[PDB]
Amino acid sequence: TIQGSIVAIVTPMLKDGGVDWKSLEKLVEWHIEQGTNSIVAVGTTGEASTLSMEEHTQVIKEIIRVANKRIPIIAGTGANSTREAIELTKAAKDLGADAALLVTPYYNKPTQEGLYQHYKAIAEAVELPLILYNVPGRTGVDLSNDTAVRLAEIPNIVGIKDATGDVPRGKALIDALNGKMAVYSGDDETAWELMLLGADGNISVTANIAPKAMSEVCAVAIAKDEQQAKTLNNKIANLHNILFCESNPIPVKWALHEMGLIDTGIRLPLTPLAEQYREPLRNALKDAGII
């Protein structure tokens, strides 16, 4: 079902770190107007880690309100505790989220059977479409393709965000699944390829700052137009790179600030983009024609 360019929206903050509700509202409107197909609220890019449970609820609520049913909203509800993931996911359901995005438990390093039981327990506890999320580099754990395939048999497990950037492996997963659940790219650099290979969309960092362009790249890639996909992606390829010069979402928040869209707010332990990356980022934005 949910297809195309799916922005993992930043959570705009005032300089003191408070959520900048006004900027958030404008960003959501801007995304819908520019062609973004769906929004992931409070994912990794949205600083899920440093917003409280009540702040998760408010950001999710506000995005849904502004969206006003124009596009589906996915709520980031991952946690490294199964019980906590259940509570976050139930809250998302009650707020009227269309689906929930759940990163694999990070830090505690569950076994593959543990990941299976984690997601099974969540699926069975909450009637909401669930999207798995694999990002071994951040989590210390790698949900295998085999476990991913096992999980697609569970009702309410409807997709996986594959952030490995490993294209052959993602193709292998898409092929093994044979449509049993959706595969989304979680790696902007290679997303155009994955989508040409059958992925349903891109849960994107770059879409934060190039929503029109990324909406077009996903549309043509889904349509299997390889040449159009190469060409349109090429125009924003350097952004997929520069946006990770420091840990996401550090660069992307700075990029939006240079666009005059949000203030500099960002919560410790994350920090504003280091001084030396600011000029190279502004240059990349100018090159891409963003500013």
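All residue numbers are counted from 1 along the displayed sequence.
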Per the entry, where is the mean C-alpha temperature factor higher: 276-284 or 6-14? 276-284
Between the two ranges 48-56 and 218-226, the one averaging a larger CA B factor in the entry: 48-56
From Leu232, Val40, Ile64, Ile250, the top C-alpha temperature factor is at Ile64
Among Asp175, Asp162, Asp98, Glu113, where is the Cα temperature factor highest, going by the PDB entry? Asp175
If you rank the chain by CA B-factor, which third does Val158 end up in: lowest, middle or highest? lowest
Give the position of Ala85 by CA B-factor within its chain, expressed as the lowest, middle or highest third. lowest
Considering only modelled residues of the same chain, in which third does the CA B-factor of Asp94 rank: lowest, middle or highest? highest
Which third of the chain holds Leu132 when residues are ordered by C-alpha B factor: lowest, middle or highest? lowest
For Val167, return the chain-relative third of its C-alpha B-factor as stated in the PDB record: lowest, middle or highest. middle
